[PDB]
6 protein chains.
Amino acid sequence: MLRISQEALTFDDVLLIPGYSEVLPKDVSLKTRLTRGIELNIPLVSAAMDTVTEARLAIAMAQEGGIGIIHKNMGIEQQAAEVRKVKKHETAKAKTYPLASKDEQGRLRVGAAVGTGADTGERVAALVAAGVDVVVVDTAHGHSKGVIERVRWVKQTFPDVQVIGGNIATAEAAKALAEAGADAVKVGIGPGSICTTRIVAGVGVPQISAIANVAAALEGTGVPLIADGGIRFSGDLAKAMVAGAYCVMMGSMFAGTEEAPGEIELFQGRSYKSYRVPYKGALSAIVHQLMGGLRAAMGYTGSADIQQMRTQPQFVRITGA
Amino acid sequence: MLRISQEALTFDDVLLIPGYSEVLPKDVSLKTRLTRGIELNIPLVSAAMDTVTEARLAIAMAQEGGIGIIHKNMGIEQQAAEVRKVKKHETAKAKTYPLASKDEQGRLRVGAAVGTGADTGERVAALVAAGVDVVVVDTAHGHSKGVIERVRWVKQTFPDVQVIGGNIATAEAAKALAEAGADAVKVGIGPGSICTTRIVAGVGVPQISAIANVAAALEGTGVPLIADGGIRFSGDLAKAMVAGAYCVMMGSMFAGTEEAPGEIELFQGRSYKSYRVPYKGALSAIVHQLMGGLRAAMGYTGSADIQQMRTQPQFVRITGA
Amino acid sequence: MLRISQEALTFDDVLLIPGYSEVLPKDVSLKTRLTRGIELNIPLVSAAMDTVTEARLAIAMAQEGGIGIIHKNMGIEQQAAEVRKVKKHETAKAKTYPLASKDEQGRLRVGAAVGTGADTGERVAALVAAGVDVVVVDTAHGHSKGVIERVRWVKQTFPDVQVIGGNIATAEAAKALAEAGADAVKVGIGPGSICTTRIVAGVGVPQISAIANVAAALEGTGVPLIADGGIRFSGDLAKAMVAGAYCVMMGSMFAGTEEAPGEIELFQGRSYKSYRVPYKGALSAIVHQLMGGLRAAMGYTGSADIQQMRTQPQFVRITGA
Amino acid sequence: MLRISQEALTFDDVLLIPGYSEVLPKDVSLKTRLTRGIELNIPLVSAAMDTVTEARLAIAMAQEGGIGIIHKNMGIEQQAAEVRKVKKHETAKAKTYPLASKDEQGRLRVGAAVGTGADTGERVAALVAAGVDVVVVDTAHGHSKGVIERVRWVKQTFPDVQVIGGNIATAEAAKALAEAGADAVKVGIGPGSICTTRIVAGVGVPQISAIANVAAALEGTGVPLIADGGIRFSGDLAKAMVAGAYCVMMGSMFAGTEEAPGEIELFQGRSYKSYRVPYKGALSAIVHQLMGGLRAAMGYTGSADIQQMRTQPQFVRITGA
Amino acid sequence: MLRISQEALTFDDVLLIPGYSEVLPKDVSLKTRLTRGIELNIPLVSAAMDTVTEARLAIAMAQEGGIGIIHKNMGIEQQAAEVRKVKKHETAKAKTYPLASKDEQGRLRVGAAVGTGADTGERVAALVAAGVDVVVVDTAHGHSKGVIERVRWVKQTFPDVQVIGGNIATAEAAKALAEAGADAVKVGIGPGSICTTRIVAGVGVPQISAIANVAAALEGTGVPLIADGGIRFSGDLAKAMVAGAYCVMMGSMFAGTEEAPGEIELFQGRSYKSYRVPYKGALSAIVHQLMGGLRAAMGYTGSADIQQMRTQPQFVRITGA
Amino acid sequence: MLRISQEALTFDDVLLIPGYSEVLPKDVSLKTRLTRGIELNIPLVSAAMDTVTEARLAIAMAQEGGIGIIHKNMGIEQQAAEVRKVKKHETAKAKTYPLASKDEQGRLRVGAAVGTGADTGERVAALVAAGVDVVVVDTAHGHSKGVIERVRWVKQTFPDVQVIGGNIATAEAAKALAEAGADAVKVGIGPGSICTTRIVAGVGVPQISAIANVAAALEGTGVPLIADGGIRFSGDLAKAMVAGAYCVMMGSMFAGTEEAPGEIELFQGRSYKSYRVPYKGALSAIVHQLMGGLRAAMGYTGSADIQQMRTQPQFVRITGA
Ligand code: NA
Ligand code: NA
Ligand code: NA
Ligand code: NA
Ligand code: NA
Ligand code: NA
């Protein structure tokens, strides 16, 4: 008698099935897209969190072949200044980053988040003027009048900038954002078992089904979808891609790295970052783990590139046992 | 080979799906009904428990826009006296409660519980004479000859008073109580995983399915249903409404508040209520949490009012994982 | 591709649904049958375990209106002597046991277990000569040539004695034992999640489905089935009856009672029985709990007697959550 | 919307159903095959792990009626020398091993593992020259060009030696290996809930379904399949056989035995093997437990031999509860 | 600079030193005195606690050769009635208690407690009229005007009854009570590490030193001292005697016995006494343990009787280690 | 060879010895002094902590008969304003506080803390002008040039105000502060086992010996000493007085009371104070516990008033055991 739409699956509900393979993990291609107009060499984005992405980590992310989204928990001038640092960054003498995400002028790519408040227009304008590549209209409920209208306003006001809208979790929301002119959508509403959205509001969609529903809705449109939340280890990342994601956004896993905000401190005979989270060392080692696991899964499933990984492998569904 | 009626779901089995929204949580309407004849400004009732509802908390509940049901674990004269205090309460000078549940004479509304024992008739008469708004025929098994007959006797003897019958958990029981003339039904038999009904008798219906089965049975009759049990946080409350409940009854969550029975004492360097349960401070802060979470869910699902919340949003079913 | 017969349910998978009731728990009838020819006033049997049933507990069990099965972990002469004590027991002056299970000569009823070894024939003969009411051919795998042949031999050699065969867990095994002439069957192979049969051999049938499959197979034959294992509290007992059991056998729950074998000793400032298990006091208090819970379930489901309890109420199936 | 092939079951999801039995556990036959051309008296193989199988344990395994696969984590000359020790081993005076796995010259049988690296050809040649009975092309992903080609190369280069290919987990992979000329396949990709393949790559197939899918694919071909992983106790072993396995490979359960590599040391007042794992005493006691449990399951299901055990008994599927 | 009287030792601070022995534990004498005028066959008293001593346990205590002190947490008439039951108790036919504590008329001996409130005089009179052997003026601080005056009043008003005063913990208090005419003193103020006297008031004397200080003060006076508190096992009891105690009072160790107040109930599958404490079975088994341990210590120290045990053996003092 | 001054004792090292008593706890006198010129009706001071003492709690403290010291973790104007609120507070109509600490104009007494920084002079002046009764020169190391000079400056600049200097822990420091003109001293350097002074600097004096050393040094001078730290329950408070303290300062035990700073919030279904610490309800209940325990100890030791409590009772020293 309940109005139940479907059973929805999370990462722990499924496993990838091995398939005939003739391309080794070291030889697969990880190239993909963030948005209609922005290509990435690896399917990885850093979250717009004040513990994760300011200019320093955004620069590292772009150097690795992904991209960072600078957070908005700061003044407009300050956020614009973080964007400028990335766009103006010049490669260290004696270092080479051949995977680096760059715009046509050869500058490192960067994103920045905005919300829907009364100073949003002013914030977007400052970010665009600072040379931002993509504006992320980033809210708790993207399938809403306010977000959809803000996405339209950005596309109308600044036609030359890429725009991401989110967060969403349904086919209908994906279509609405696409129609509003989003160049990509970000997927994740209550994706984790422990999130506050579930406990406070009783709301959420398990992330594997959320991703797959949004992927089917956007199939053949050219609009990428970004998976945002619920991913705990590299195995989950591979599952997200096979569910249909074009790339994955990481947050707290990147907090506490050298490039992330905060300062290293001694605590309990041990290094932490203080603003405390465990110090994690260089971002590059985490990226290596994540992308090594993805490469392994591509080898197991016989996927030679991301387009094959997203569309060809199958899951088995498993039990609690 | 087993006689299995259906699979029955509890709160943890389901999540609300986000929907297109254009009304913010702060702007939704929470108005609803307790019974055919009694409207509430918020969907919240306090339980007829001796740790929860006497006059002081009943007054606070009505001031918040809900209602309290005074417990029956006391003498008839005493319970009647608690009802009288509520009906005679005059608003503090310099305070305003614009949401307050009031009868046509402008007196705060109140309920009181009775059972089915030999002095029930006398107890009901005293409560009615004290000015009670609703009599709750409140038993462990409402789908029984004794309860159904008592509900009929109250409707026959005191036609001008509202009557709630319970507790029930099935479509057939809802219809039987409606036919007996109940102005609302209360839903919950073994709703919690930890309840004694399940352990001692092996009996129970998971509350999400119990609510939805009773809602379908009463659809189009004008008889409200009250959800009673199994609700641990605000997210569960929202799920109960979407399953079809008109309002929700809270018990132990309200015990230990300032307005609840008992006296504050120091225990282990910390405040408790003694008769011990943790002291919780003012009832209003709990109500704020519960209704804030409900408002959040209404925003997420795009429900502008309770009637939409009860009938329009969908669930996903999830796994243990 | 697996050869899966069915999904099988255990007690924790299901709950009883409340039904229209007009007979109170105190007023329901608990009368039932152990075998074609033996009626019990309560649906309770004590297990043939050396920690549970010798003459003293068998006498108490019969006085309560059930029956005990004397264990076979002793010499033939000794086991026969235990049977004789029960048959010769004379009611204490000034005590009355109006529910007592008695044969036509007015002697307390008793059972005794045998296996299939080389001295089984001699053991059966001694038990029968001692006046046993029912012989329980009691093995780990009753659906076997050895057990079926022993059941036939008992029916052929001693036509005037009742015979129970077990243990079984399938419809086919029930039919085979019935055909061999069993007056009842005992159900339970790997019924518990923790049993050695599951861990060592990978073998078992969850007890709710085992009971229901055996009940359907024996429907209309007049052959009772006894549920043996997996029952942890009174709620499980009620579920076993509704699944189709005629009565339930308890083992370790009865160990450590005053009437059970062993001697009380002080251990860790606390009473135990030593041969150690916690001392549990008088058997009657455990029986009261078990039968009180069954009565409660009968009231909830509106079952006026055991025949209605076995055939009329329904379950809901529930999730892990 | 997800590409889900099937629900896949693990050992804990299923139980064996008892069946009519007239052959006791002590009397069943355990004879089976490792490969097209190699018969075993018990369905047990030791893993090619450096903590498990060198010559000493391989000799014990063959004496018990199974076989060991010598690991490849050593130089080619060294691995060849381990094979030679087994082939040249002469039975101790005054000992008799009537179950022993022997070739036609009466020498104990032995296997050895190889991978796919650049010195594989040389390694295979040395093993064959040392008199190995079976070469195990043993990789993490057997359904790959490299493994399939290596299996073909072994069959072409050394037509008189048996070859096992693995590991696989699907019907398609089984067919590919059979076509490449494998004399058996080894089954197990991410079979355990805790394995690194699942966590790092998100890849795996629950072992009960993996076994059954491979069994169906190879039905009527004469190609055996070996179950490799996920088996924790003897009950799991029996389930693997009924799922379709011809024999089972054990690894870490055999580590720490007297015959396994490593040296006994005192640690925390207790014996360990150091290279540390608990000392387990003689291999024969573990084999006895495993085969005793299998015999018990064969008795319960009424399977007189392995061919009946693999093809006749049924499972029930059970819940988390 | 602190005013420290001495270091005070508790039971855990000391051990008894073995001495030359030629009398076995079974052959030592346990005879002693409760008061100037009352001899006991064992050095054991039951506490005046409402969970420990009413008539039933007092009778058992006297039968064992000790004595019970009936508690005062009841009406005066009720307490007098408990005393009367003991004095009027006639030995069961076919039982013999050759150690029994009896007065000159051959009636079982019994004590009863009083405090210092306004109805104390009336309470004492009722107890004496009921035939009590000893009145225990029993307070938290016996070295006080109120207690000393009450002890004098009892000795003056009822010269033929024995009187115990307590509780005390110093030489000065012992002398004051002796001077007031106490026939014995009871020792124990904050004796346990966990008592409320220490936590609330910061007051207490470790029991081994309290006993020894009181013993020295009363040496040569003929006034016994009773040790009351801090004794956890039989070893402590022996230490208390060697420290100078004439007998030992037990409280909570006796609660939960068959003879103690309360009724047996099933709780968590296990027997308790409810008023809950663990059921302990018959008092006699506890007494046997306590006196067996005392006998063992007497053997080890070569003490042939209580007078030697109290005056001859030595302790070693030990460290925390 | 170490330079060890003495063994130093903490509260857990000692217990109070009971003494002859003829004054009941309810009848003892708790009157004492804070400073040469300020008398208190109870020996209790609240700490100058920002979680403990602002005007609201200072007013409650003075009403109870003690005094509060307003903290200095705020601007000078703000701290002066808190002092003014206390001095200007007028007793609620219909309340009577007969124990209240008042100055000669009948205004509630209050203290305030200062340190030694560059704005200290200005801070002291503002406090004095606001009508403060006592200035507490409150530092981590009072036996220092800076503190001693500041104490002199306050006595010189404002001769009519009382001054407390601290913290100290030795006889020499007490004499130095007395000579500088302190009207009282505050005792406590590393008094707790868990304090940072001990862990970081290795510095501290166990509080019982610190108190007694300071008491002996100030004997006959008329200068009170205040015990500050290490006191966990009322029993410790009594021990501090007997060690020689005139009154005791409490900190964190008072944090979280209604009168203390912070605001009540719901957290984990339970009331806390947020700025989080457990909500403790009204200050008066804590004071009642502390002073009830002190009264109990005075009764036990036979101390009729504080002067007797400080000078007459004795301790026993106890072991870890
Ligand atoms: Na492919
Ligand atoms: Na809507
Ligand atoms: Na019925
Ligand atoms: Na068969
Ligand atoms: Na001696
Ligand atoms: Na005194």
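The figures that follow rest on heavy atoms only: side chains count, while hydrogens, waters and symmetry mates do not. Chain identifiers are assigned alphabetically (A, B, ...) following the order of the sequence lines, protein sequences preceding nucleic acid strands; residue numbering begins at 1 within each chain.
Other residues, nucleotides and ligands place no more than 12 heavy atoms under 6.0 Å from the NZ atom of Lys31(F).
Contact detail for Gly204(E) and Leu15(F): the closest heavy-atom pair is O-CB, 3.3 Å. Of all heavy-atom pairs between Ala201(E) and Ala238(F), the closest is O-CB, 3.6 Å. For the residue pair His141(E) and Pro18(F), the shortest heavy atom distance occurs at CE1-CB, 3.8 Å. Considering every non-hydrogen atom in both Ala216(F) and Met1(E), the closest pair reads CB-SD, 4.1 Å. In plain terms, the two heavy atoms of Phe233(F) and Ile199(E) that are nearest each other are CD1-O, 3.3 Å.
One finds the CG atom of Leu9(F) at 6.0 Å from the CG atom of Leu2(E) (value rounded to the nearest 0.5 Å). Note that OH of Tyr20(F) and NZ of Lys145(E) are 5.0 Å apart. Values are rounded to the nearest 0.5 Å. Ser5(E) OG to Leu16(F) CG: the interatomic distance, rounded to the nearest 0.5 Å, is 12.0 Å. Here the OG1-CZ distance, from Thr319(F) to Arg317(E), works out to 6.5 Å after rounding to the nearest 0.5 Å. Taking CZ of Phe315(F) as the reference point, atom CZ of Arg3(E) lies at 7.0 Å (rounded to 0.5 Å). Interatomic distance, CD1 of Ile318(F) versus CD of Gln6(E), reported as 12.5 Å (0.5 Å rounding).
Taking 4.5 Å as the limit, every side-chain heavy atom of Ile4(E) sits out of range of all side-chain heavy atoms of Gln314(F).
Looking at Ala140(E), the atoms closer than 4.5 Å to chain F (heavy atoms on both sides) sit in the backbone and in the side chain alike. Heavy atoms of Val242(F) lying under 4.5 Å from chain E belong to its backbone as well as its side chain. Using a 4.5 Å cut-off between heavy atoms, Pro313(F) contacts chain E through both its backbone and its side chain. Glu172(E) does not touch chain F: none of its heavy atoms, backbone or side chain, sits under 4.5 Å away. Looking at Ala173(E), there are no atoms closer than 4.5 Å to chain F (heavy atoms on both sides), in backbone or side chain.
Not one N or O on the side chain of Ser144(E) forms a donor-acceptor pair closer than 3.5 Å with the backbone of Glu22(F).
Ranked by heavy-atom pairs under 4.5 Å with chain F, the first of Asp13(E), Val205(E), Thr10(E) is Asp13(E).
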